[PDB]
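Sequential numbering of the sequence shown, starting at 3, is according to the entry's author numbering.
Here a beta-carbon is modelled for each residue, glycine too, at the ideal position from N, C-alpha and C.
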Amino acid sequence: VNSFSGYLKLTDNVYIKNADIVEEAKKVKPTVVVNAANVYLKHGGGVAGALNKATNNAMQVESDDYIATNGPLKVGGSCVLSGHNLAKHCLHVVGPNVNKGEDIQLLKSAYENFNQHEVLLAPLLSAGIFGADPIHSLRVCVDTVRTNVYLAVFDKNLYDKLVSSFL
Ligand SMILES: Cc1c[nH]c2ncnc(NCC3(O)CCCCC3)c12
Ligand SMILES: [Cl-]
């Protein structure tokens, strides 16, 4: 039993809700919140900008130190950093950016990072400002993630479509 509320069950381990991941984070304080990161951990907009703003830019400050030490992430890769006031940990995961010509096949690799954590609050990777179809992202998620994932989908019409077209 966990504290996630009002999620529609899609499969054994995947749950979905029309919600702002920032608000789900502020209310639940999960062990892991997933950020839809880019390779530079530049949290300017989208999920990343929203999470970072909610941390009063502390996420960006921590991220800049991480990059200065370690260099950029790989597309499809991840790192674990602090969750600040939102979660215990933030798993920064880089899905491919279709607008940059990045290989959509890397979306599966991106979702594989979730399997290192028993329970996560997450967005649909590569969707939104990253350019991919959220329907496709959801299918890759369901077919790749084996741990318990709670998805917050920001857009109501897209959520309804994600729900309606699933089975
Ligand atoms: C921008 C933003 C702020 N707070 C959020 N919480 C969740 N998702 C977000 N954007 C990505 C997505 O949900 C958009 C609809 C289709 C699936 C992907 C955001
Ligand atoms: Cl977005």
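Where the alpha helix (DSSP H) containing residue i begins and where it ends
i	result
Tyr68	60-72
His138	136-146
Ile131	Neither: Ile131 is in no alpha helix (DSSP H) and is coded neither H nor E.
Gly51	48-56
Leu43	Looking at the DSSP string, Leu43 is not in any alpha helix (DSSP H), and its letter there is neither H nor E.
For residue i, the residue or residues it bridges with in DSSP
i	result
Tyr17	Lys11, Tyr152
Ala38	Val95
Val82	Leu93
Any non-hydrogen atom of ligand 2 within 8 Å of residue i CB
i	result
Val49	yes
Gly130	yes
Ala38	yes
Residue i - containing beta strand (DSSP E), residue span
i	result
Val100	Where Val100 is concerned, there is no enclosing beta strand (DSSP E), given that its DSSP letter is neither H nor E.
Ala124	121-124
Inter-residue CB distance, residue i and residue j (contact presumed, cutoff 8 Å)
i	j	result
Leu123	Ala60	So it is not a contact: roughly 19 Å between Cβ atoms.
Worksheet item: Within the chosen definition, does the stretch 76-89 reach the stretch 107-116 through at least 3 CB pairs nearer than 8 Å?
Response: Output reads yes: the stretch 107-116 touches the stretch 76-89.
Worksheet item: Would you call the stretch 147-161 and the stretch 68-78 in contact, with 3 or more CB pairs under 8 Å?
Response: Cβ pair count under 8 Å is below three, so no.
Worksheet item: Is there contact between the stretch 126-137 and the stretch 98-112, where contact requires at least three CB pairs shorter than 8 Å?
Response: Taking 8 Å as the limit for Cβ pairs, the verdict is that the stretch 98-112 does touch the stretch 126-137.
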